[PDB]
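In what follows, a single structure is set out as structure tokens and then discussed.
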There are 2 protein chains.
Amino acid sequence: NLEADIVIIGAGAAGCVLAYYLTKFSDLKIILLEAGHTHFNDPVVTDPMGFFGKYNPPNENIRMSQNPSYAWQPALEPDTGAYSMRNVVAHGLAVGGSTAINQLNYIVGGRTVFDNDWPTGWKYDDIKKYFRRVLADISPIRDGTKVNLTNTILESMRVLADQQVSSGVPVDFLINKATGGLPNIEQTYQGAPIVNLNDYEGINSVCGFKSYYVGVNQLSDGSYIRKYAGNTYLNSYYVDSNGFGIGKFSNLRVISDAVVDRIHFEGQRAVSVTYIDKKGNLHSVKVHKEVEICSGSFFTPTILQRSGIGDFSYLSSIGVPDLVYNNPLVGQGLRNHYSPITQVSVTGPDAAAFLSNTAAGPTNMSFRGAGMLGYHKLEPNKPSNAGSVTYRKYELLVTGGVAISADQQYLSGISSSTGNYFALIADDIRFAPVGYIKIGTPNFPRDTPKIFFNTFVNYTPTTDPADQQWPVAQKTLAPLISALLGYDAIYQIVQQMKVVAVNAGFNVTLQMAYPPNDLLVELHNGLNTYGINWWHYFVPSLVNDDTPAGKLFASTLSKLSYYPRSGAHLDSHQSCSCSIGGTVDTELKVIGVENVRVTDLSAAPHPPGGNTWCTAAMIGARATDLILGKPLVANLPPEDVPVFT
Amino acid sequence: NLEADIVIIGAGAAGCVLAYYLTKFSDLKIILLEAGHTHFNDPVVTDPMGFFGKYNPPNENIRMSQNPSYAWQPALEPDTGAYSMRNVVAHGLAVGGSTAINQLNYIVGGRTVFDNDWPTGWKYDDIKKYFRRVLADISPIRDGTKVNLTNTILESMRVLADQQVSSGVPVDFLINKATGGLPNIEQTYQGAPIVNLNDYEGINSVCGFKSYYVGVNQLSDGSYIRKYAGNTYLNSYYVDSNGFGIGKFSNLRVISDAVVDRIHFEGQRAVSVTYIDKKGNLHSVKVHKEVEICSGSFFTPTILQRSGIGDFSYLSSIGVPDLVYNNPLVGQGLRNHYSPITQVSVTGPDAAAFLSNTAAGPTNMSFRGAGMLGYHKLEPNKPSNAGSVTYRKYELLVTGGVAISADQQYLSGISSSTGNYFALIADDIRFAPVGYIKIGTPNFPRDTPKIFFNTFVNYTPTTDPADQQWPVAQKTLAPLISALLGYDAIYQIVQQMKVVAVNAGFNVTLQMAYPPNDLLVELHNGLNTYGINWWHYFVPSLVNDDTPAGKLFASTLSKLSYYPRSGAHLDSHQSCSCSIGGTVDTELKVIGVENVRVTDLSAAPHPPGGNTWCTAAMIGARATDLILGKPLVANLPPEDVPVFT
Ligand SMILES: Cc1cc2nc3c(=O)[nH]c(=O)nc-3n(C[C@H](O)[C@H](O)[C@H](O)COP(=O)(O)OP(=O)(O)OC[C@H]3O[C@@H](n4cnc5c(N)ncnc54)[C@H](O)[C@@H]3O)c2cc1C
Ligand SMILES: Cc1cc2nc3c(=O)[nH]c(=O)nc-3n(C[C@H](O)[C@H](O)[C@H](O)COP(=O)(O)OP(=O)(O)OC[C@H]3O[C@@H](n4cnc5c(N)ncnc54)[C@H](O)[C@@H]3O)c2cc1C
């Protein structure tokens, strides 16, 4: 028997903060159901480099996100825009959730995304305190090793940002309007100050820096360890070995291996929750006040639909007997990021000194920069505010070795063994495609529901006059346009690096080796010779430009369209399944019911400006104050932090 | 309350026969738990062409094996031999199991596989009656439309089989030793008799025919319908709408949507089985005599391991509390088939007449032949009996259109729109690789367990002398050798077709367009100039043949090794997870327990000579007589068949 008045389902990035700070500041009885044990002893979780497979057995060399004993394994339906490939993108299965298996990065997101895309009450000035709270809770660190490649790249970026600042055009990709004429590029010399990307006031929307902030901490011995939600908020100092709380937190219960099925639900009010344990028995817990769903973006709409909230026609079709509320918007608007990869060759006799000091330590995890960039000059899909507000579009990442898939490694002829290649990535942060989630069987939580997500689709013309069917091709082709413009933005960095490396003491040469170089120079020339309407040549049957130059450009675009489909990576930043306004109101309460709330990343109405870990924790932190009634977390002094064991 | 003395889990190809003929011939109380409703009204299941997506909604065009509401969706761990790609291969989820979503083909398997690879009591003369039983139960039909391409191919096969019969070599791929000197190729002219591939006496181990036997039946209206296990054995004539039996079968209960978890198991004797229904409640059923597991190859070891039979150390590690029997061989020896694809171009002005009468009707489903072939002359991995017994190695299939993946369609430049291309496939029936299955969470039946299956791995040499490390490279390279020899066997058919099409009234030319033609002629020349030790050049660091010709051959082999990895298809013929001798004895009884048996395809000790649907039904049929005690099914007259509603 386990009656309690707050029941949280899932201890992820948001569940842990919620439980911890909700039992600290009140006397209600909190229950946390997670379905996964605590990996506080596993060397593959505590050690940061275990992310790269240092402790893997020889015969089962698979990463944690491919291990069914560490992660939920959802595979999406064939991708009609990527040659119908199905992708498996995972969720963490442990205390701490996906933060137990992630890359440990802290992009906070810009100021402008919250100011312009989130509803009132969620503007940036209303949430910055919670971001400060989560950052102070973790205390990330910076890179502990310098490298001259970062120097060369930073000089190149400032060199071309100088000419972008002039020329008067307003929406180039290195223009930050909160700083003014001077470029927002970190200085590169002895004793240079560090431009902080997650700054408090949100000044830096577009900036170039030399290091990220990764969530690890150094021990007195010398070893580094992971610092995740389950490490800080539910550790042996705050919770017993039996799951009971201790002292201040004695009003807290955590059940370890408890897979939750649905919400037994009297009238339109929640009254009980059932789950299954490792024994195989079914248990019921009684609810007095509130149910919180923090089960992740893929599996929150699933449990909501199984309970009875969703589309009545479909749910009746598959066989859900108990219907509650007819909201056909549950599980809509799924969003994600997407990172295409380019890689560059260095030609010379003694390039080793140029690529030295790049191996992955636990303080950077192979990230060496390099910045956040805004919209390209020639992208037609921009918000109207772009003239007066700087948005975040691309996240630039530089890494050693090759990062393409193994099949592409064979096909392109470039191998990971050689030592004159390095990778650049322009991750898309405002990715356009939208998908959705539905369940297929109303029995128990299934590992694979129906997930639909099509990215790089094409446009099939009609007999409509060309003048009035361009502005549907624009929307249908947005992602391909953005990926190609990212290719161009990376390409026009490398000759700047040529100049900088020449005048910094290096006899080296840099060229883009993947995709093929000529295929990129042709894109550069096509862009600068066709202007703002360059993208019309994606559909060659409407341009009516039958000249051989136009045919060349169209063929180049068609050939380039292959690379982002196959030689890229879909990220694991799922969100917005049950966003604000769609499924829940500003108070995180589900429409059509009076005592259930959803507070994980699946409630965000727009993805943040980068990696989506701070946002989920912030949502949980604000849910704490929403539930209790008055702001206690928002006013805690920053010197009060959870101690670590 | 549902006590009964026989409880079957899963109504697949073997569960339906077992339940039907076990309640017909006895008075025990039979219960069948399936976890899936009856699709007797769904047009996408009853109509054969619904397999190809005739009734699919426009926005969700996915086949039945990719639909989570029709199939279990297991994805295997990254394939170290295929550029680390994860493949999703499904199981049927309905009455009838995988036969509700399959291709409807009836390869029975040869005589020699059962005579040489299965234990005593399971030789061919001990089982042929049950194969006749299942075939008479279904009554498949042959192709209802002729085509001249089959004529040309059959002439070509007999032409080269004539010269293979001479030349005295004993193990070519068109030699059948049960017929003698004359070729075993169907005659090709007016009123020719039909050589039956599933013949009663098992004479035809290697034969060339013009049609397969697909499991459909024609109605009086004119429409064809699917004829599967759930259609024949559990239909409205034998089982009520409520799941009760009727009259003769009144001693039978079928529960529709019941997902089974584990076996509650007193002492070392089975006493109860628990399941979950669509309501979300957990039910228990009492067992008096027997439990049958017919849950498929992927999910039978899963339920056995969750119950408590398996490896104690690992099961304790993941958290199974109740341990029963320590058999570390549960879930070992997983086998499957594998089909690489080649495709051929026809060059000429009026090839349309040559490729006419090839569209897929419900009586062939785009299969137009062409035979079963034995070992190639130059394969080193052959059983010792191969001199005196003919084994089945390849299954040859001919089809219209292109059958490669969409990515390969783009890369190779060949498109499905054009009308001068057709596909050939040499499916490997004695596929060498072996994998295994383990569970990752002891809570509930998960859709994705750990499945390990690596196919086309490479050999890394050591400092061991070359003379005494060849016979480990042979075993490690068996699958690649077999695939390449299949490529060669297909290639040396097309010039025979050149001659036959010339002398049959056609001005057409045939050449292998995928893989590239020169890459195949070089393989042909390398084979005939390097002899039986041609495969030594897979590892170029040991041959010590530094001549440029040897370098050419090694490069050709390395380039050809890419095609079977990416341009092929893994089949859905899983088997042998709990085979005879490994997990169960000759009586299908699980070792370490006295009242549980497993009777689905996961009990086969060696895959059959072709498509694995007749074998599963045969196993169920023999289990019927094993359970009752005396042969009632083995002596039923062939004119007694289940009527159809
Ligand atoms: C491969 C990978 C890489 C990542 N890289 C980064 C990165 O570079 N930067 C970054 O900032 N973030 C990264 N992340 C993390 C990710 O971006 C966010 O942290 C994530 O969205 C956190 O959201 P969440 O806490 O709401 O969900 P989760 O953390 O996934 O919470 C899910 C929790 O709910 C539980 N649960 C689910 N279903 C049930 C059920 N039926 N019953 C009971 N419990 C249930 C699960 O066990 C788990 O504890 C990565 C994640 C992965 C997997
Ligand atoms: C895509 C595809 C193509 C195929 N093509 C061919 C072909 O060309 N030729 C051919 O001969 N065969 C074909 N097959 C069929 C296949 O080769 C065999 O018929 C199959 O191995 C049948 O084995 P089975 O009956 O033991 O397993 P299944 O038929 O898969 O039986 C599984 C049954 O167990 C049930 N079950 C599983 N787990 C549970 C659980 N926990 N609780 C309750 N019930 C459970 C499932 O609901 C299902 O009813 C194809 C199958 C597929 C999927």
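Residue numbering restarts at 1 for every chain of the structure tokens, chains are lettered A, B, ... in their displayed order, and ligands are numbered from 1 as they appear.
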Exercise. If you count only C-alpha atoms and all ligand atoms, which residues end up within 7 Å of ligand 2, as a VMD selection string?
Worked result: chain B and resid 9 to 15 33 to 36 65 90 to 99 101 to 107 258 to 261 294 to 297 299 303 445 572 to 575 600 to 602 611 to 614 616
For this session: Name the residues of segment 117-173 of chain A that fall into helix (DSSP H, G or I) according to DSSP on the backbone, using the chain letters and numbers of this document, as a PyMOL selection string.
Result: chain A and resi 117+124-126+128-138+148-165
9 Å contacts from chain A to chain B using only C-alpha atoms, as a short mmCIF file (atom, residue, chain, number, x, y, z; two decimals) with C-alpha atoms, in the first residue's frame:
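That gives us part.cif:
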```cif
data_model
loop_
_atom_site.label_atom_id
_atom_site.label_comp_id
_atom_site.auth_asym_id
_atom_site.auth_seq_id
_atom_site.Cartn_x
_atom_site.Cartn_y
_atom_site.Cartn_z
CA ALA A 35 11.57 1.56 -13.84
CA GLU A 60 29.53 -6.94 -27.37
CA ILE A 62 27.93 -1.44 -28.49
CA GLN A 66 22.30 0.87 -28.39
CA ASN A 67 22.08 -1.33 -25.29
CA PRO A 68 18.52 -2.44 -24.44
CA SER A 69 19.49 -2.87 -20.79
CA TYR A 70 20.38 0.83 -20.58
CA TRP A 72 14.42 2.38 -24.42
CA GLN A 73 14.90 1.64 -28.13
CA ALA A 75 12.62 2.98 -34.09
CA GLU A 77 8.74 4.45 -39.46
CA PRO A 78 10.51 4.52 -42.84
CA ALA A 82 15.85 9.71 -46.61
CA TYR A 83 15.51 6.65 -48.88
CA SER A 84 13.11 5.05 -46.37
CA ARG A 86 14.36 3.60 -40.05
CA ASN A 87 16.35 5.16 -37.23
CA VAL A 88 16.59 4.00 -33.62
CA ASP A 257 12.14 -1.04 -11.03
CA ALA A 258 8.51 -0.06 -11.63
CA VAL A 259 7.17 0.11 -15.19
CA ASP A 261 1.09 1.28 -17.40
CA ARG A 262 -1.73 3.83 -17.15
CA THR A 274 -0.70 0.97 -11.66
CA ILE A 276 4.59 -3.77 -12.81
CA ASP A 277 7.71 -4.78 -10.88
CA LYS A 278 10.51 -7.27 -11.51
CA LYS A 279 8.54 -9.94 -9.66
CA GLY A 280 5.91 -9.75 -12.39
CA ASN A 281 3.10 -8.58 -10.10
CA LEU A 282 0.80 -5.62 -10.69
CA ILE A 318 -7.28 0.07 -31.62
CA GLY A 319 -9.29 -1.01 -28.58
CA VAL A 320 -9.02 1.43 -25.67
CA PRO A 321 -12.14 0.79 -23.56
CA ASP A 322 -12.08 3.73 -21.12
CA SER A 405 29.19 6.54 -41.19
CA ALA A 406 31.32 3.49 -41.95
CA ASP A 407 29.58 2.87 -45.28
CA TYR A 410 34.32 3.07 -47.56
CA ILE A 439 0.33 3.86 -30.07
CA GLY A 440 -0.45 0.55 -31.71
CA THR A 441 -1.57 -1.72 -28.88
CA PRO A 442 -3.51 -0.82 -25.72
CA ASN A 443 -2.02 -3.51 -23.47
CA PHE A 444 1.28 -2.45 -21.89
CA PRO A 445 4.05 0.09 -22.50
CA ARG A 446 5.58 -0.99 -25.78
CA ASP A 447 9.15 -0.16 -26.69
CA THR A 448 8.25 0.79 -30.29
CA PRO A 449 5.17 2.92 -30.99
CA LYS A 450 4.31 4.50 -34.36
CA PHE A 452 6.47 9.44 -38.07
CA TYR A 562 22.31 13.11 -51.64
CA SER A 566 22.99 9.57 -45.93
#
```
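With distances restricted to only C-alpha atoms, A:362 is the closest residue to residue 51 of chain A from A:362, A:247, A:548, A:180.
Of note, atom CA of residue 24 of chain A and atom CA of residue 245 of chain A are spaced 10.4 Å apart.
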For this session: List the neighbours of residue 242 of chain B out to 10 Å using only C-alpha atoms; skip same-chain residues closer than 5 positions along the sequence, and give me the result as an MDAnalysis selection string.
Result: chainID B and resid 253:256
Only C-alpha atoms, please: the residues just picked out, written as a PDB file, in the first residue's frame.
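Saved result, again.pdb, follows:
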```
ATOM      1  CA  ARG B 253     -11.045 -21.715 -25.390  1.00  0.00           C
ATOM      2  CA  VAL B 254      -9.220 -18.955 -27.269  1.00  0.00           C
ATOM      3  CA  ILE B 255      -8.363 -15.657 -25.569  1.00  0.00           C
ATOM      4  CA  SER B 256      -7.875 -12.860 -28.052  1.00  0.00           C
TER       5      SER B 256
END
```
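Residues in contact with residue 384 of chain B at 12 Å, where only C-alpha atoms are counted and same-chain residues fewer than 5 positions away are skipped, are listed as residues 116, 171, 389, 390 and 391 of chain B.
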Residues from last step as file, N, CA, C and O atoms, as a CSV table (one decimal), in the first residue's frame:
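Saved file selection31.csv follows:
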```
chain,number,residue,atom,x,y,z
B,116,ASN,N,20.1,-35.9,-43.0
B,116,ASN,CA,21.5,-35.8,-42.6
B,116,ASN,C,21.8,-34.8,-41.5
B,116,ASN,O,22.9,-34.9,-40.9
B,171,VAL,N,30.2,-32.5,-58.1
B,171,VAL,CA,29.5,-31.7,-57.2
B,171,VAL,C,29.1,-30.4,-57.8
B,171,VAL,O,29.0,-29.3,-57.2
B,389,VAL,N,25.5,-37.6,-51.9
B,389,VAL,CA,24.2,-37.1,-51.6
B,389,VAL,C,24.1,-35.7,-52.1
B,389,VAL,O,25.1,-34.9,-52.0
B,390,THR,N,23.0,-35.3,-52.7
B,390,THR,CA,22.8,-33.9,-53.3
B,390,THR,C,22.2,-33.0,-52.2
B,390,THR,O,21.1,-33.3,-51.8
B,391,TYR,N,22.9,-32.0,-51.9
B,391,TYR,CA,22.4,-31.0,-50.9
B,391,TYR,C,21.7,-29.8,-51.7
B,391,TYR,O,22.0,-29.6,-52.9
```
Problem set entry | Shell of 9 Å around segment 223-238 of chain A, only C-alpha atoms, local chain residues under 2 positions omitted, as a PyMOL selection string | chain A and resi 11-17+19-21+38+40+45-48+94-97+99-100+104+137-140+215-221+240-241+244-250+362-363+617+642-645
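Considering only C-alpha atoms and all ligand atoms, the residue among A:266, A:42, A:427, A:27 positioned nearest to ligand 1 is A:427.
The gap separating atom CA of residue 118 of chain A from atom CA of residue 170 of chain A is 24.6 Å, in Å to one decimal.
You will find atom CA of residue 487 of chain A at 29.1 Å from atom CA of residue 604 of chain A.
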Problem set entry | Shell around segment 490-496 of chain B at 8 Å using only C-alpha atoms, local window under 6 positions removed, as number ranges by chain | B: 153, 156-157, 159-160, 424, 426, 510-512, 520
